[PDB]
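A.B. asks: First residue of the sequence shown: 1, per the authors' numbering; consecutive thereafter.
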Amino acid sequence: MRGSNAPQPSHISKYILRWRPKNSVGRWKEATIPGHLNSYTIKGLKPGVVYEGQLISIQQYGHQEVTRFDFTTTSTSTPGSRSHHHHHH
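What follows is the structure, encoded as C-alpha cells:
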C-alpha cells in the first residue's frame, strides 16, 4: 500500500524532486521516486506561499530530465501556462 522499489524499470531509474520555500528563502530538499509508481505529492505547506519545485530524472549514468515548476498550497496560483489545451484526462 506504500510503494515498492523499481531498479531501472520501464521508466527512469529514479526521479529527483527538489523544493525550497521561494517566499521564505530557505534550504532545498530531495525526494527520489523511480518514475510514476503511484500518486506522490509533497504537502505540509500553506496558502499565500510559493515554493520551488524541480524534478530531475537520474539514469545509470546520472543527469537525465530537468523540469522546473511553481509550488503552492491551498492557494490558486502556479503561473506557468497550465491551462490552454482541449479535452481532459
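Even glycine gets a Cβ: it sits at the ideal position worked out from N, Cα and C.
1. Is DSSP giving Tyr40 helix, strand or coil here?
2. With the cut-off set at 8 Å, would you say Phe69 and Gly53 are in Cβ contact?
3. For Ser57 and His84, what's the separation of their Cα atoms in angstroms?
4. Which runs of the beta strand (DSSP E) fall wholly inside the region 15-73 and span at least 3 residues, in chain order?
5. Report yes or no: do the region 11-18 and the region 30-37 share at least 3 C-beta pairs separated by less than 8 Å?
6. Rounding to the nearest angstrom, what Cα-Cα distance links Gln8 and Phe71 in this structure?
7. Since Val66 and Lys22 are thought to touch, with beta carbons under 8 Å apart, how far apart are those beta carbons, to the nearest angstrom?
C.D. replies: Result, derived from the coordinates:
1. Sequence index remark: in the sequence shown, residue 40 carries index 40 (1-based). DSSP, read as helix, strand or coil, puts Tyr40 in coil.
2. What you label residue 69 is simply residue 69 of the sequence shown in a count that begins at 1. What you label residue 53 is simply residue 53 of the sequence shown in a count that begins at 1. Taking 8 Å as the Cβ cut-off, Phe69 and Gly53 qualify as a contacting pair.
3. In the sequence shown, counting from the first residue as 1, residue 57 sits at position 57. In the sequence shown, counting from the first residue as 1, residue 84 sits at position 84. Roughly 26 Å separates the two Cα atoms.
4. Segments of the beta strand (DSSP E) lying fully in the region 15-73: 29-33, 51-58, 66-71.
5. Put simply, the region 11-18 touches the region 30-37. At least three CB pairs are less than 8 Å apart.
6. Start at 1 with the first residue of the sequence shown, and residue 8 comes out as number 8. Start at 1 with the first residue of the sequence shown, and residue 71 comes out as number 71. For the pair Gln8 and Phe71, the Cα-to-Cα distance works out to about 28 Å.
7. Locating residue 66 in the sequence shown gives position 66, where the first residue counts as 1. Locating residue 22 in the sequence shown gives position 22, where the first residue counts as 1. Actually they are not in contact, since the Cβ atoms of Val66 and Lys22 sit about 18 Å apart, beyond 8 Å.
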